[PDB]
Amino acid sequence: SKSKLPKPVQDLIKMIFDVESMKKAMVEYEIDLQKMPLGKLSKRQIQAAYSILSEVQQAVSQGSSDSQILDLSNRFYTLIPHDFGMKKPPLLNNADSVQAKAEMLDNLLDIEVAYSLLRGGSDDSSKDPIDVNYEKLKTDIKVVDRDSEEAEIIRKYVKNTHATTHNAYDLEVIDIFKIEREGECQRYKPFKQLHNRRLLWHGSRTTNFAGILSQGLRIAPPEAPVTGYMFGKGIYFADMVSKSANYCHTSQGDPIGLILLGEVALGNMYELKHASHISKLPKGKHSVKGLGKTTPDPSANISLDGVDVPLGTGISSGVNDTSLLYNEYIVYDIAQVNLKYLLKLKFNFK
């Protein structure tokens, strides 16, 4: 309203700093907001909860001392307070359950970063809250024009890598933002020397984007479980928009999601057809490529700004005996990522 920014950037700001969305996420996790309000989330409590889920997972893998598991499960729920209403707390006693609680803590941490940013500052200004909260992201955000080559390439990227199989949605690009986080340029400069820099997708929940833009994509901490990281704790990317879009966790409820395009300096790829928890790459390798059954057609590889864009249609790869439908790319150093675009997408569920 009293803001200098174009309306798409303003709506982006409202969307990622939306306190109702934060509380709704907590309510949907069935968190007791009387015992743990949005405003009283702590990094230290969440780090301790991460550790417990790691111990839970260890206890599962060894051989359930069924009461020590229940003792760990109870300790988790004491630390992170829940209100399940009529049902009982679901026992944390398998991999899928540990992973869901870990995803919840990831979400909670970024929500806490968003809320601390929102309440931080002096809390009185001549400028309106949109411009002021825009500033706290430490990210220059510009609208890419629909009639530019970048918008066209990016829209083609979305079109061709929308996997018309197990897709319950058509995808529509509403806005394209060009983004530059403070310090990404200098942190990334050495890695610009690596060969094989690619423009790749990274999806995440909308309530995580205030944290992602202020802090960059991060690697899960040591305390957190490794369950569900097919290739260890790193930063994950796809060359198929629908693979990453699944990580937006968008529902028929909220059919709007945010997805990143990152330039990532892959270098020599450690190529793998099966899960393998990576803690250090072999010498000479700078990334992991999970080998999918379907890969973008290399004929239609193109470039913008010297970064390769694999927007080719999904064809067959020469890889039998793989656990993966689509490729994944993983780097283990945060400085190997340069976030270049942020898309607001509408999911049209069929």
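Between two forms, the rigid core is the largest collection of C-alphas that superpose within 1.5 Å. Counting begins at 1, following the sequence as shown.
Larger average C-alpha displacement in 5 other deposited structures of this protein, relative to the shown form after a rigid core fit, is seen for 88-96 when comparing 195-203 with 88-96. Once the structures in 5 other deposited structures of this protein are superposed via the core, the pair 11-19 and 322-330 is resolved in favour of 322-330 as the more displaced stretch (C-alpha RMS). Higher average CA B factor: 71-79, of the stretches 228-236 and 71-79. Taking only CA atoms, the mean B-factor in the PDB entry is higher for 156-164 than for the other of 156-164 and 201-209. Comparing the C-alpha B-factors of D254, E180, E172, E150 in the entry, the top value falls on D254. Sorting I31, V288, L41, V309 by the CA temperature factor given in the entry leaves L41 at the top.
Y115: CA B factor lies in the middle third for its chain, per the PDB record. Per-chain ranking of the deposited C-alpha B factor places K243 in the lowest third. Sorting the modelled residues of the chain by their CA temperature factor places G262 in the lowest third. Looking at the C-alpha B-factors along this chain, the one for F191 belongs to the lowest third.
Among all modelled residues in this chain, the alpha-carbon of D123 has a temperature factor (C-alpha) in the highest third.
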